[PDB]
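What follows is a short report on a single structure.
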Amino acid sequence: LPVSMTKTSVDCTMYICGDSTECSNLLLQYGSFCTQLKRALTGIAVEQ
Amino acid sequence: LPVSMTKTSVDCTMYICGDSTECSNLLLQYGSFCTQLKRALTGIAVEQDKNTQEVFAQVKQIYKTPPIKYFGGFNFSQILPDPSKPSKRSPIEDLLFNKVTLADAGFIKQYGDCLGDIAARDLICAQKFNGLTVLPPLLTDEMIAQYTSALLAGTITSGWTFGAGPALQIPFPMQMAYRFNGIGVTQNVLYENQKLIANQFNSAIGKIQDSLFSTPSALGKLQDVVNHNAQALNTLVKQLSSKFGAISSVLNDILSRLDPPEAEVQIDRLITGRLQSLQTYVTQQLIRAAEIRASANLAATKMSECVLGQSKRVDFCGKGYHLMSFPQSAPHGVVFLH
Amino acid sequence: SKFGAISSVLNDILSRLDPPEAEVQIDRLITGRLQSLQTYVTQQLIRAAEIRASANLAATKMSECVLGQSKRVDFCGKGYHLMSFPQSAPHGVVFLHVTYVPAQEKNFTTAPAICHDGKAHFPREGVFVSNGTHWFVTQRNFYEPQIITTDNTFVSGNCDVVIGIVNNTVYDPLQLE
Amino acid sequence: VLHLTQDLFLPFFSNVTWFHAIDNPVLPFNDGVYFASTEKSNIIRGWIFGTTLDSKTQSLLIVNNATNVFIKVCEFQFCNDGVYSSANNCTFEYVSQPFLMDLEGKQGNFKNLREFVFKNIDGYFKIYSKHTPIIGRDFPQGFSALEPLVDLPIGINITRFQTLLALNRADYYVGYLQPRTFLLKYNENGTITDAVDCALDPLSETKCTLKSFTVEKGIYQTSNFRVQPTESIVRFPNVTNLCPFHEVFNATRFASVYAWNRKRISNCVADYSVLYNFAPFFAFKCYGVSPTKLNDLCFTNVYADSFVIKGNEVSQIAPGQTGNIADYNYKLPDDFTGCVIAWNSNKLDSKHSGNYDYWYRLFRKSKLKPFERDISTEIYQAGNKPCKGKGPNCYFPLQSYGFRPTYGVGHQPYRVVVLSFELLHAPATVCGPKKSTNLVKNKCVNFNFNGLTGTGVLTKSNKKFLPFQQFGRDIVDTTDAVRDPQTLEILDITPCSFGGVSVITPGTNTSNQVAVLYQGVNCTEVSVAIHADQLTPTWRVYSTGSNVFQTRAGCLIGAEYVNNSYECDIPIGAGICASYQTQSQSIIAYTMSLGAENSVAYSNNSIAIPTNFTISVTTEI
Amino acid sequence: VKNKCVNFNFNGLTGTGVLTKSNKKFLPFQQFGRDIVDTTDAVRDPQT
Amino acid sequence: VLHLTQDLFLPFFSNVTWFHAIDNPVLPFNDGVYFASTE
Ligand SMILES: *[C@@H]1O[C@H](CO)[C@@H](O[C@@H]2O[C@H](CO)[C@@H](O)[C@H](O)[C@@H]2O)[C@H](O)[C@H]1NC(C)=O
Ligand SMILES: *[C@@H]1O[C@H](CO)[C@@H](O[C@@H]2O[C@H](CO)[C@@H](O)[C@H](O)[C@@H]2O)[C@H](O)[C@H]1NC(C)=O
Ligand SMILES: *[C@@H]1O[C@H](CO)[C@@H](O[C@@H]2O[C@H](CO)[C@@H](O)[C@H](O)[C@@H]2O)[C@H](O)[C@H]1NC(C)=O
Ligand SMILES: *[C@@H]1O[C@H](CO)[C@@H](O[C@@H]2O[C@H](CO)[C@@H](O)[C@H](O)[C@@H]2O)[C@H](O)[C@H]1NC(C)=O
Ligand SMILES: *[C@@H]1O[C@H](CO)[C@@H](O[C@@H]2O[C@H](CO)[C@@H](O)[C@H](O)[C@@H]2O)[C@H](O)[C@H]1NC(C)=O
Ligand SMILES: *[C@@H]1O[C@H](CO)[C@@H](O)[C@H](O)[C@H]1NC(C)=O
Ligand SMILES: *[C@@H]1O[C@H](CO)[C@@H](O)[C@H](O)[C@H]1NC(C)=O
Ligand SMILES: *[C@@H]1O[C@H](CO)[C@@H](O)[C@H](O)[C@H]1NC(C)=O
Ligand SMILES: *[C@@H]1O[C@H](CO)[C@@H](O)[C@H](O)[C@H]1NC(C)=O
Ligand SMILES: *[C@@H]1O[C@H](CO)[C@@H](O)[C@H](O)[C@H]1NC(C)=O
Ligand SMILES: *[C@@H]1O[C@H](CO)[C@@H](O)[C@H](O)[C@H]1NC(C)=O
Ligand SMILES: *[C@@H]1O[C@H](CO)[C@@H](O)[C@H](O)[C@H]1NC(C)=O
Ligand SMILES: *[C@@H]1O[C@H](CO)[C@@H](O)[C@H](O)[C@H]1NC(C)=O
Ligand SMILES: *[C@@H]1O[C@H](CO)[C@@H](O)[C@H](O)[C@H]1NC(C)=O
Ligand SMILES: *[C@@H]1O[C@H](CO)[C@@H](O)[C@H](O)[C@H]1NC(C)=O
Ligand SMILES: *[C@@H]1O[C@H](CO)[C@@H](O)[C@H](O)[C@H]1NC(C)=O
Ligand SMILES: *[C@@H]1O[C@H](CO)[C@@H](O)[C@H](O)[C@H]1NC(C)=O
């Protein structure tokens, strides 16, 4: 029986904008579309 | 154990296009991206209604505790309902209701005090300002108390027979003797140590009240469910101030500033942003509803097993050799006393 | 659905527009249909997980209710479970839980133990039940009175610790022979 | 199929005006008009359309006759009775088979009903008809299809409508169409057997939202209900001084492009009719805001940059452009919120013997970042010489826009003035001449406070607004409270009425009576709104006083409260359940009965032992 | 040609498929044919 | 409310230059300057 799987904590900010300030500024116009992802992954890891 | 979460009936048309005919016409070009969301949320609400039904409504007949309360020395006042209290809840049930704070009660009809908010309008009024409403549960938190009281009265005056067929009365010392016989210890042990067992049970019941009283949060699972609901809803409502790559985030400002043939680009950008945010919310709510369904099916089988009889399953009805369990109603959940 | 494009027909738009400008409408149509297909796939995955839960429950119900007797309450239908029979249904299964349900009951009397001679007697299995005048021993889920003999009850006590003890005589088949 | 359509239809159970004849009022035409008449053999010839029905506006005539029809689009003068007297500028004649078809079974009793619907969506005149033998003894209630005959593009304006009579030696059934959503049932053979409206009855709306003809017993969420605002309140600032646009458009020495004069406009009322007056406009490119909607927005600041410039560089002047002027003289921001103005001026920038006063720069070290002025006379370096002077490889930075009265349009002295705005959340000071209406509290109104558009209910408050505070919000960034510009007081903002309507009905195979539940709203609010006719729902369910119920889930309309308790059939919410029970039949609301009220007989020494048993077979699926 | 995969260009209605005779009840004004999901099902031949 | 803002602010526990008077050097201006004086 599987009991657990790998825990991942990907980072949206750079995953979308590799060390690019203009891209980060543009991504800031999309609201909290990143905090949701980080929270979901963190909850998955804690639940694991 | 969590049993249900808050029920929502989000309205896509108002949420995305606040009273804007041009925006509604533009949204009509996206097909049934709204009917699916409404159907999913309605299915979740009806499903959670069914969930509370499964968890609590396990008895067709409502039993009532006998007027006199002397169950062989066992002290059941802490879990039996209190006639003095207006809500007819046991003291152990009252602590659970007091230690859980609901952001949105739902059965408030809060319209009429958004003008009367005086100070900064709260999260609920803000949600009402932008197309997000909360339906109330079909089973009131008072009638659930009646169900719990019936289940509690049936298991201390009739043993487990009322869970199978007609309720047959049996004295509590004999019911305890049979629960003892179910784990391999003879009844003479109880009939010789009745006073000591009664004192131990009374002390344990007394001390769990203080354990729940003084703990920071032992109800952390229900509070986590409520917090996740409120936080998901707040993250949704916070997306109505995100430009999504448009010139401005206010539909009323944009429609009054740009003529339609150019404004339609910004309106379409806002449509794509808000639709995708709403899709994310709906998907996360579906996943959480499935998780709550799993947990509350576990709660239902736990009720039918430990409450309506003795369970031979180890650790399922608490740690150690299980004897009984008393259900207690909690806001959006249930509490078992193994 | 146009998805904000000029038209919703690829065969029309390709033949109506030359590609360098047709690609805008085509990209809009992909942007719409891809998201619709993602929504469909996500809903199907969630429903598949729910059906997984239901099918695992059905499998354990089959293995328990059918292939044996279950001591779990209400799991194999309401009442004391006896058996079950599976039936095939389109995209599902139907179980026929055959359960034992008790019936008409009579209020008699009960005593935790019976003191014959300074010793408490407890039924080996069953209840000490009294018609009203002559104490008896019977089973739990059915009424079948029997004469209180030394084999139906095991003795250990001192006739002074059990509460509610009722005086009666217990029989033995040994003194007579 | 049960295909659902949204198009101009005749409302179900609507008002139809029945006329007589024995003079011919001109019935108005709007969104199409439904026509019907019953006659023995023939008394109606045709119909006349158009505007003002005279020899000044194009008109229509649909006159029928024995064998053909005489369609044309022309400009008749009048007849006042050979139905016209003018065909001067008249084309597009049309003749085809006659619309009227009369058949009799050797008796005049068969007064066939002739049904006609016309509409003028995007021109393209649509005419639909059907002749049914349902005899016309009464306006019948059976469903009748209507098929089209011809469909032709008039492409003219129609507002009035008239009819034609016949000679001889109870008709005119006129209806008006409206934009409605319709659900039509198509037969297996393709005909339409049944159809129901979606904005007439609550059951009709559920039937629309669950597209089908049989509605199973239950409760269905269909749409939402909103109280549409009664009045529109606009409260602009307390300033009436006209802006100095007059003084910037009356100037005589608009500086050159190299030095763009920049004026600031503040503390004034901005009416742009004065902009239109002093402007033989040639270029009105506006980017941030639509020029037509320019009087209805409040601006925190307005900048007026003016400079004379040649014709083609007017097209150069735009956000995100290129060229010697857009690079070295004047660059607008890419996200420019504003509008540009350009009108020709050959009378003030021209004279005999010429004029060379104006200047422009083609030589700069780098591009001009947006809204920067670069007045400087430095010779552009060429090669590697620190040369400071004129001549080869030593070029003067700024050259001359010499203007004379004789050039082409591409070389004529155009006058350009741009207007820079900033529409963000700030205390506005400049906006339109829109009047300041009164203030009414505790009522759904559309507010336009200092350019902040919206809708809701406003009243008194007890905030602690600091002197500089202007707005109010919440952790979700939504405008909550606004300070009155002409009163300096604090008012909160309310949602209009947002809720949700759910209809409680039994199966249509049982009955058609329905109940309406307004979710999460005090029922006094909907009652006064329905009385003032300000509810977006157009289906008005009856309220007889005995069918009102303040539930914890909202309020219920259409069912009465019985104090009994039953196992319920339709969940509502908050321990209340509705059912269709006999009185002789009606829908009732009652609190749930959790089950049979039973008491056990627990005692110290009593035991109940079953003396019998039964075998029951349950089913699990 | 019927009963064969062909590309049809009926009155500007582009597409591909197999066409054959039918027993529809096309009204005189009817020209096209669709289904419950709004996809072109049957076409009326302009020249027959 | 616990509103979060991104704007030019004086850093917490930062370096602040305290002067005296009894000549008036020019201080550079960049991204705003926080000024305070007791008298
Ligand atoms: C059962 O347990 C109850 C505990 O809630 C007992 O109530 C107590 O009553 C005393 C006053 O006599 C209070 O001071 C105390 O705080 C507690 O509420 C109750 O007496 C007891 N009854 C029996 C029969 O044991
Ligand atoms: C106690 O239980 C007895 C069963 O043995 C019942 O006595 C019976 O009485 C009949 C005559 O009435 C005898 O013939 C028979 O042999 C038996 O002893 C008796 O009814 C019962 N008492 C009560 C109060 O139910
Ligand atoms: C059961 O029968 C016993 C004798 O067979 C009883 O014991 C008697 O108790 C009395 C006091 O109650 C003594 O005075 C006497 O000497 C004898 O010990 C016993 O009480 C009785 N119990 C009941 C419940 O009847
Ligand atoms: C669809 O159209 C068919 C062809 O006209 C109809 O079939 C006919 O039915 C009549 C009886 O009404 C027969 O007499 C005739 O031979 C033919 O089979 C069919 O009924 C019709 N279906 C409808 C109107 O629902
Ligand atoms: C227990 O209950 C049975 C039914 O649930 C009884 O069987 C009945 O027998 C009668 C004849 O006496 C039939 O008419 C009836 O249809 C049914 O089969 C049974 O007698 C009963 N036994 C006792 C001891 O109560
Ligand atoms: C036994 O008698 C008591 C006394 O009233 C009664 O309450 C109880 O229901 C009876 N039990 C039965 C008839 O099974
Ligand atoms: C039709 O007109 C009559 C007379 O004005 C009116 O009483 C009736 O209500 C109208 N019909 C409807 C559906 O309103
Ligand atoms: C009717 O109108 C047609 C239209 O061309 C005309 O030819 C014909 O003479 C008119 N009169 C009769 C009796 O048909
Ligand atoms: C047709 O319209 C033109 C428009 O100017 C007008 O000059 C001419 O007189 C008209 N012909 C008539 C009225 O016969
Ligand atoms: C049509 O006529 C009406 C009535 O005078 C008028 O209000 C409208 O502007 C006209 N429209 C056109 C396009 O002429
Ligand atoms: C400039 O001012 C004069 C002064 O009366 C006026 O006559 C003229 O119309 C004005 N022209 C413009 C373009 O404002
Ligand atoms: C607005 O102007 C009027 C007219 O001068 C004046 O009476 C009133 O006090 C002013 N109100 C404010 C708030 O400035
Ligand atoms: C809503 O309930 C009633 C009915 O309208 C009335 O007291 C008032 O309008 C509201 N009351 C509260 C407490 O919101
Ligand atoms: C009957 O219903 C009325 C309200 O309709 C309620 O006031 C009354 O208390 C009810 N009577 C009983 C006995 O429940
Ligand atoms: C049971 O016994 C206790 C104490 O002996 C007494 O208080 C109570 O009333 C008794 N109840 C019954 C039903 O005999
Ligand atoms: C098409 O035109 C040809 C040539 O006149 C003719 O033979 C044929 O009948 C026509 N078919 C139709 C359907 O009009
Ligand atoms: C402030 O300046 C002093 C002296 O240069 C230095 O020691 C200190 O670290 C500075 N403060 C901070 C926070 O670096």
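To be explicit about the labels: the chains of the structure tokens are called A, B, and onward in the order shown, and within each one the residues are counted from 1, while ligands get numbers from 1 in the order they are shown.
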Who sits within 12 Å of residue 12 in chain E, only C-alpha atoms, same chain under 6 positions skipped, as a ChimeraX atom specification: /C:11-13,15-16 /E:43,45-46
Save out the residues we just selected, N, CA and C atoms, as a CSV table (one decimal), in the first residue's frame.
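Writing done, so here's part-v4.csv:
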chain,number,residue,atom,x,y,z
C,11,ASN,N,-13.4,25.1,-40.3
C,11,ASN,CA,-13.5,25.0,-41.7
C,11,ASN,C,-14.0,26.2,-42.4
C,12,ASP,N,-14.8,27.0,-41.8
C,12,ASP,CA,-15.2,28.3,-42.3
C,12,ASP,C,-14.1,29.4,-42.2
C,13,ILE,N,-13.6,29.5,-41.0
C,13,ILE,CA,-12.6,30.6,-40.8
C,13,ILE,C,-11.3,30.4,-41.6
C,15,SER,N,-11.1,28.9,-44.5
C,15,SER,CA,-11.4,29.3,-45.9
C,15,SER,C,-11.8,30.7,-46.0
C,16,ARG,N,-12.1,31.4,-44.9
C,16,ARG,CA,-12.6,32.8,-45.0
C,16,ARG,C,-11.4,33.8,-44.8
E,43,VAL,N,-28.3,18.7,-45.1
E,43,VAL,CA,-28.2,19.8,-46.0
E,43,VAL,C,-29.2,19.6,-47.2
E,45,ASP,N,-30.0,20.0,-51.1
E,45,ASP,CA,-29.2,20.2,-52.3
E,45,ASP,C,-29.7,21.4,-53.1
E,46,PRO,N,-28.9,22.3,-53.4
E,46,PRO,CA,-29.4,23.5,-54.2
E,46,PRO,C,-30.0,23.2,-55.5
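For ligand 8, the neighbouring polymer residues at 10 Å or closer are residues 63, 64, 65, 66, 67, 68, 69, 70, 71, 93, 94, 95, 96, 97 and 98 of chain D, only C-alpha atoms and all ligand atoms being used.
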Generate a file of the selected residues that holds N, CA and C atoms, formatted as a PDB file, in the first residue's frame.
ATOM      1  N   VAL D  63     -49.180  46.282 -50.031  1.00  0.00           N
ATOM      2  CA  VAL D  63     -50.548  46.101 -50.506  1.00  0.00           C
ATOM      3  C   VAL D  63     -50.667  44.824 -51.326  1.00  0.00           C
ATOM      4  N   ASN D  64     -51.623  43.983 -50.950  1.00  0.00           N
ATOM      5  CA  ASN D  64     -51.951  42.761 -51.663  1.00  0.00           C
ATOM      6  C   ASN D  64     -53.064  43.024 -52.668  1.00  0.00           C
ATOM      7  N   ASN D  65     -53.218  42.099 -53.607  1.00  0.00           N
ATOM      8  CA  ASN D  65     -54.313  42.173 -54.568  1.00  0.00           C
ATOM      9  C   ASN D  65     -54.687  40.751 -54.979  1.00  0.00           C
ATOM     10  N   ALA D  66     -55.435  40.626 -56.078  1.00  0.00           N
ATOM     11  CA  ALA D  66     -56.043  39.346 -56.430  1.00  0.00           C
ATOM     12  C   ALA D  66     -55.009  38.256 -56.687  1.00  0.00           C
ATOM     13  N   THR D  67     -53.928  38.571 -57.401  1.00  0.00           N
ATOM     14  CA  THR D  67     -53.007  37.539 -57.864  1.00  0.00           C
ATOM     15  C   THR D  67     -51.567  37.709 -57.404  1.00  0.00           C
ATOM     16  N   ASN D  68     -51.132  38.911 -57.031  1.00  0.00           N
ATOM     17  CA  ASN D  68     -49.753  39.135 -56.618  1.00  0.00           C
ATOM     18  C   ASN D  68     -49.734  40.067 -55.415  1.00  0.00           C
ATOM     19  N   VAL D  69     -48.536  40.527 -55.074  1.00  0.00           N
ATOM     20  CA  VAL D  69     -48.340  41.532 -54.043  1.00  0.00           C
ATOM     21  C   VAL D  69     -47.476  42.629 -54.660  1.00  0.00           C
ATOM     22  N   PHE D  70     -47.585  43.838 -54.118  1.00  0.00           N
ATOM     23  CA  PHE D  70     -47.044  45.008 -54.798  1.00  0.00           C
ATOM     24  C   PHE D  70     -46.027  45.694 -53.895  1.00  0.00           C
ATOM     25  N   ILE D  71     -45.061  44.923 -53.393  1.00  0.00           N
ATOM     26  CA  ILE D  71     -44.073  45.466 -52.470  1.00  0.00           C
ATOM     27  C   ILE D  71     -43.203  46.501 -53.169  1.00  0.00           C
ATOM     28  N   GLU D  93     -38.854  47.778 -56.378  1.00  0.00           N
ATOM     29  CA  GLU D  93     -40.181  47.197 -56.473  1.00  0.00           C
ATOM     30  C   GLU D  93     -40.090  45.675 -56.391  1.00  0.00           C
ATOM     31  N   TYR D  94     -41.111  45.068 -55.790  1.00  0.00           N
ATOM     32  CA  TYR D  94     -41.099  43.628 -55.588  1.00  0.00           C
ATOM     33  C   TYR D  94     -42.502  43.074 -55.787  1.00  0.00           C
ATOM     34  N   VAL D  95     -42.588  41.960 -56.511  1.00  0.00           N
ATOM     35  CA  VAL D  95     -43.848  41.282 -56.791  1.00  0.00           C
ATOM     36  C   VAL D  95     -43.623  39.782 -56.647  1.00  0.00           C
ATOM     37  N   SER D  96     -44.553  39.103 -55.982  1.00  0.00           N
ATOM     38  CA  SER D  96     -44.452  37.660 -55.783  1.00  0.00           C
ATOM     39  C   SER D  96     -45.855  37.098 -55.577  1.00  0.00           C
ATOM     40  N   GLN D  97     -45.920  35.847 -55.126  1.00  0.00           N
ATOM     41  CA  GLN D  97     -47.196  35.191 -54.898  1.00  0.00           C
ATOM     42  C   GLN D  97     -47.948  35.867 -53.752  1.00  0.00           C
ATOM     43  N   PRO D  98     -49.278  35.844 -53.782  1.00  0.00           N
ATOM     44  CA  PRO D  98     -50.046  36.532 -52.741  1.00  0.00           C
ATOM     45  C   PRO D  98     -49.913  35.840 -51.396  1.00  0.00           C
TER      46      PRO D  98
END
Nearest residue to ligand 6 from the set C:56, C:138, C:153, C:109 (distances using only C-alpha atoms and all ligand atoms):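 The closest residue to ligand 6 is C:109.
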Within 7 Å of ligand 12 (only C-alpha atoms and all ligand atoms), residues as a list in words: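 I would give the residues around ligand 12 as residues 238, 485, 486, 487 and 488 of chain D.
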Spatial neighbours of range 317-334 of chain D, 6 Å, only C-alpha atoms, chain gap at least 4 places, as a list in words: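 Neighbouring residues, sequence-local ones excluded: residues 258, 362, 367, 368 and 370 of chain D.
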Export, as a PDB file, in the first residue's frame, the selected residues with N, CA, C and O atoms.
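Generated file (selection33.pdb):
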ATOM      1  N   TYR D 258      10.137  71.410 -29.966  1.00  0.00           N
ATOM      2  CA  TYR D 258      11.331  71.192 -29.155  1.00  0.00           C
ATOM      3  C   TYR D 258      11.133  71.675 -27.726  1.00  0.00           C
ATOM      4  O   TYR D 258      11.727  71.120 -26.794  1.00  0.00           O
ATOM      5  N   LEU D 362      16.337  67.308 -34.649  1.00  0.00           N
ATOM      6  CA  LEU D 362      16.602  65.985 -35.196  1.00  0.00           C
ATOM      7  C   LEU D 362      17.872  65.357 -34.637  1.00  0.00           C
ATOM      8  O   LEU D 362      18.157  64.197 -34.950  1.00  0.00           O
ATOM      9  N   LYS D 367      17.243  58.881 -27.210  1.00  0.00           N
ATOM     10  CA  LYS D 367      15.808  59.095 -27.298  1.00  0.00           C
ATOM     11  C   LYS D 367      15.306  59.856 -26.074  1.00  0.00           C
ATOM     12  O   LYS D 367      15.939  59.877 -25.016  1.00  0.00           O
ATOM     13  N   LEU D 368      14.146  60.484 -26.233  1.00  0.00           N
ATOM     14  CA  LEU D 368      13.514  61.254 -25.170  1.00  0.00           C
ATOM     15  C   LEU D 368      12.581  60.344 -24.380  1.00  0.00           C
ATOM     16  O   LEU D 368      11.598  59.840 -24.930  1.00  0.00           O
ATOM     17  N   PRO D 370       9.554  59.600 -21.776  1.00  0.00           N
ATOM     18  CA  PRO D 370       8.271  60.260 -22.028  1.00  0.00           C
ATOM     19  C   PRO D 370       7.998  61.434 -21.095  1.00  0.00           C
ATOM     20  O   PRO D 370       8.283  61.391 -19.896  1.00  0.00           O
TER      21      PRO D 370
END
Nearby residues, ligand 14, 9 Å, only C-alpha atoms and all ligand atoms, as a PyMOL selection string: chain D and resi 560-564
Residues of chain B within 10 Å of chain A, only C-alpha atoms counted, as a count of residues only: 18
